[PDB]
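I have placed the structure first, in the form of structure tokens, so that the comments after it can refer back to it.
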């Protein structure tokens with residue numbers, strides 16, 4: 001089976017040139033097209049027949065296919081270009097074949113998160129579970145650490161988190177962490193806190209609330 | 417013209 | 001304008017059957033080969049099947065050959081994908097796409114919105130929606153205990169988009185999903201502006217609106 005090779009990730013400074021590569025043995029002898037897929041969105045054709053731009057695609061996008069590699073270059077990379085890029089061609093062994101995709105990350109200045117804590121709602125508490133949520137908003141880079149403390153006791157095994165993909169306007173990330181407790185355990189303690197460590201913070205930031213205040 | 421071939 | 005609107009999707013048990021359809025407009029449907037492409041959660045694009053303009057020839061990836069059937073109705077401008085003997089490996093977002101072929106050059110110039118097909122023996126469950134409430145303030149909704157994915161979340165029926173972050177769902181220890189959607193607003197707008205999250209869980213036909221307000 002014929003295979004197309006793409007690096008899974010590529011990082012580019014804002015306003016700089018991204019060169020997304022797609023390699024294959026007979027690549028220069030085949031016609032390659034490119035798709036841009038933003039997170040949770042439908043793929044969009046951005047380049048076809050190696051070098052042709054569909055109408056509406058910015059001139060900053062350029063294609064080439066020479067030798068063993070097809071390349072999609074993007075000049076003056078913008079936050080709006082953050083996406084996964086897939087190359088695609090045809091071969092007798094597989095019919096339509098796609099590369100594995102390359103996630104384009106835009107490098108920007110460090111931005112500290114804005115931290116918010118949310119108590120569980122009374123509607124949820126009645127059902128026997130408490131979800132406590134910590135939001136880390138609009139930070140950069142992606143690496144961040146969230147620690148939950150209940151009456152100053154570090155928690156483990158009862159939290160899950162997820163992170164958005166890079167923002168299409170400011171290139172930051174956001175993170176939501178949920179601490180799950182039984183209503184009985186929630187009612188046994190007073191101080192609920194989430195402690196955040198990030199490069200943009202000179203010291204960890206703690207946001208907290210007292211149950212019943 | 418419509419063929420996939 | 002070219003339009004491709006997909007129907008079908010959701011939960012199906014292993015060994016089960018599900019039919020997707022794709023309604024087309026804004027072009028001479030019979031002049032184009034059409035295709036199905038899929039993407040497993042967090043994975044890459046994979047071509048599934050194609051059908052020539054006339055419907056005379058059909059093609060399938062090795063992974064689905066013998067289990068799927070692609071067909072089209074050129075009078076009604078509809079493409080169909082009948083999927084049988086479904087496996088957990090078929091769980092994916094499926095897209096229908098218009099293909100331009102010159104066999105050397107094959108590409109997809111227009112794509113439908115995707116539909117998520119989840120192959121699982123677990124029960125469908127609708128979500129409960131809980132408010133998230135406490143310069144800048146954050147508010148939100150916690151969309152909890154639903155299955156399968158996905159849910160769609162909007163704020164104020166789509167009128168509020170700036171500063172919104174709808175997170176990827178997490179799969180909980182219960183085997184149910186939970187997701188949060190937040191928005192940052194001026195703290196002083198909390199007394200006079202209404203902030204409502206609109207949640208749609210199409211697999212269970214459940215729609216929920218929830219006001220996010222301080223206690």
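Residue numbers (the authors' numbering), protein chains in the order written: chain A, 1 to 213; chain F, 417 to 421; chain C, 1 to 102, 104 to 135, 143 to 223.
Even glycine gets a Cβ: it sits at the ideal position worked out from N, Cα and C.
CB-CB under 8 Å to residue 182 (chain C), same chain, minus the five flanking residues each way: which ones, in chain order? As a working mapping, residue 182 (chain C) is identified with position 174 in the third chain. Closer than 8 Å at Cβ, skipping near neighbours: 153.
Please state whether the Cβ-Cβ distance between residue 159 (chain C) and residue 172 (chain C) is less than 8 Å. Taking the third chain and counting its residues from 1, one reaches residue 159 (chain C) at position 151. Taking the third chain and counting its residues from 1, one reaches residue 172 (chain C) at position 164. Cβ atoms of residue 159 (chain C) and residue 172 (chain C): not closer than 8 Å.
Residue burial classification, residue 107 (chain C) (beta-carbon count within 10 angstroms, cutoff 16): Working through the third chain from its first residue, we reach residue 107 (chain C) at position 106. Buried, since its Cβ has 16 or more Cβ neighbours within 10 Å.
By how many angstroms is the C-alpha of residue 16 (chain C) removed from the C-alpha of residue 39 (chain C)? Looking up residue 39 (chain C) in the third chain gives position 39. Looking up residue 16 (chain C) in the third chain gives position 16. Using only the alpha carbons, I get a separation of about 20 Å.
8 Å CB neighbourhood of residue 162 (chain A) in its chain, flanking five on each side removed: Counting from one through the first chain, the residue named residue 162 (chain A) turns up at place 162. 175, 176, listed in sequence order.
Tell me which residues of the stretch 81 to 105 of chain A have at least one Cβ-Cβ distance to chain C shorter than 9 Å, keeping chain order. 84, 86, 88, 89, 90, 92, 94, 95, 96, 97, 98, 99, 100, 101
In angstroms with no decimal places, state the Cα-to-Cα distance between residue 140 (chain A) and residue 110 (chain A). The sequence position of residue 140 (chain A) within the first chain is 140, counting from 1. The sequence position of residue 110 (chain A) within the first chain is 110, counting from 1. Whole-angstrom Cα-Cα distance: 5 Å.
Residue 37 (chain A) to residue 83 (chain A) span [Cα, whole Å]: If you number the first chain from 1, residue 37 (chain A) lands on position 37. If you number the first chain from 1, residue 83 (chain A) lands on position 83. Straight-line Cα distance between these residues: approximately 6 Å.
Tell me, please, whether the CB atom of residue 40 (chain C) is closer than 8 Å to any CB atom in chain A? The residue given as residue 40 (chain C) occupies position 40 in the third chain. No, residue 40 (chain C) lies away from the interface with chain A (no Cβ there is under 8 Å from its Cβ).
Based on Cα-Cα distance, which residue from A:79, A:51, A:81 lies nearest to residue 70 (chain A)? As a working note, residue 70 (chain A) is residue 70 in the first chain. Cα-wise, what sits closest to residue 70 (chain A) is A:51.
DSSP beta-bridge partners of residue 46 (chain C): As a position in the third chain, residue 46 (chain C) is number 46, starting the count at 1. Note: residue 46 (chain C) sits in a beta bridge opposite C:38.
Give the C-beta separation of residue 130 (chain C) and residue 91 (chain C) to the nearest angstrom, bearing in mind that I take them to be a contact with Cβ-Cβ under 8 Å. Mapped onto the third chain, residue 130 (chain C) falls at position 129. Mapped onto the third chain, residue 91 (chain C) falls at position 91. Contact doesn't hold; Cβ gap of about 25 Å is too wide.
How would you list, in chain order, the residues of chain F whose beta-carbon sits under 9 Å from the beta-carbon of residue 101 (chain C)? Here residue 101 (chain C) refers to the residue found at position 101 when the third chain is read from its first residue. In chain order: 417, 418, 419, 420, 421.
At which residues does the beta strand (DSSP E) containing residue 1 (chain C) begin and terminate? Here residue 1 (chain C) refers to the residue found at position 1 when the third chain is read from its first residue. Where residue 1 (chain C) is concerned, there is no enclosing beta strand (DSSP E), given that its DSSP letter is neither H nor E.
List the endpoints of the continuous beta strand (DSSP E) containing residue 94 (chain C). To locate residue 94 (chain C), count along the third chain from 1; it is residue 94. Taken as a continuous stretch (DSSP letters only), the beta strand (DSSP E) holding residue 94 (chain C) covers 92 to 101.
I'd like to know whether the C-beta of residue 136 (chain A) is nearer than 8 Å to at least one C-beta of chain C. Reading the first chain from its first residue, position 136 is the one you call residue 136 (chain A). Not closer than 8 Å to any Cβ of chain C, the Cβ of residue 136 (chain A) fails to qualify, so no.
Check the DSSP bridge columns for residue 70 (chain A) and list the partner residues they point to. Your numbering for residue 70 (chain A) matches position 70 in the first chain. DSSP output for residue 70 (chain A) lists A:22, A:65 as bridge partner(s).
Taking just the CA atoms, how far does residue 75 (chain C) sit from residue 25 (chain A)? Here residue 25 (chain A) refers to the residue found at position 25 of the first chain. Here residue 75 (chain C) refers to the residue found at position 75 of the third chain. Roughly 42 Å between the two C-alpha positions.
Counting only the same chain and skipping the five closest in sequence on each side, list residues whose C-beta sits under 7 Å from that of residue 87 (chain C). In the third chain, the residue the question calls residue 87 (chain C) occupies position 87. Cβ within range, chain order: 14, 120.
Can you tell me where the alpha helix (DSSP H) with residue 130 (chain A) in it begins and where it stops? Counting from one through the first chain, the residue named residue 130 (chain A) turns up at place 130. Note, residue 130 (chain A): premise wrong, no alpha helix (DSSP H); beta strand (DSSP E) at 129 to 139.
Where residue 10 (chain C) and residue 82 (chain C) are concerned, what is the direct C-alpha to C-alpha distance, given to the nearest angstrom? In the third chain, counting from the first residue as 1, residue 10 (chain C) sits at position 10. In the third chain, counting from the first residue as 1, residue 82 (chain C) sits at position 82. Using only the alpha carbons, I get a separation of about 14 Å.
Expressed to the nearest angstrom, what Euclidean distance is found between the alpha-carbon atoms of residue 57 (chain A) and residue 68 (chain C)? Indexing the first chain from 1 puts residue 57 (chain A) at position 57. Indexing the third chain from 1 puts residue 68 (chain C) at position 68. Rounded to the nearest angstrom, the two C-alpha atoms are 35 Å apart.
Less than 8 Å between the CB atoms is what I'm expecting for residue 60 (chain C) and residue 52 (chain C), so what's the real figure, rounded? One-based indexing of the third chain puts residue 60 (chain C) at position 60. One-based indexing of the third chain puts residue 52 (chain C) at position 52. So it is not a contact: roughly 13 Å between Cβ atoms.
Interface partners of residue 50 (chain C) on chain F, CB under 9 Å: Translated into positions along the third chain, residue 50 (chain C) becomes position 50. By Cβ distance, chain F contributes 420.
Does any C-beta atom of chain A lie closer than 8 Å to the C-beta of residue 124 (chain C)? Residue mapping note: residue 124 (chain C) aligns to position 123 of the third chain, counting from 1. Cβ-Cβ to chain A under 8 Å: no for residue 124 (chain C).
Residues of chain A with CB closer than 7 Å to the CB of residue 58 (chain C), please, in chain order. Counting from one through the third chain, the residue named residue 58 (chain C) turns up at place 58. The contacting residues do not exist; residue 58 (chain C) stays about 12 Å from chain A at best.
Once the 5 residues before and after residue 32 (chain C) are set aside, which same chain residues still bring their CB inside 7 Å of it? Position 32 of the third chain, counted from the first residue, corresponds to residue 32 (chain C). So the qualifying residues of the chain are 53, 98, 99.
Note the first and the last residue of the continuous beta strand (DSSP E) segment covering residue 110 (chain C). The sequence position of residue 110 (chain C) within the third chain is 109, counting from 1. Element bounds for residue 110 (chain C): 107 to 112.
With 8 Å set as the bound, which would you pick, yes or no: does the beta-carbon of residue 127 (chain C) sit closer than that to a beta-carbon of chain A? Start at 1 with the first residue of the third chain, and residue 127 (chain C) comes out as number 126. Judged by the 8 Å Cβ criterion, residue 127 (chain C) is not in contact with chain A.
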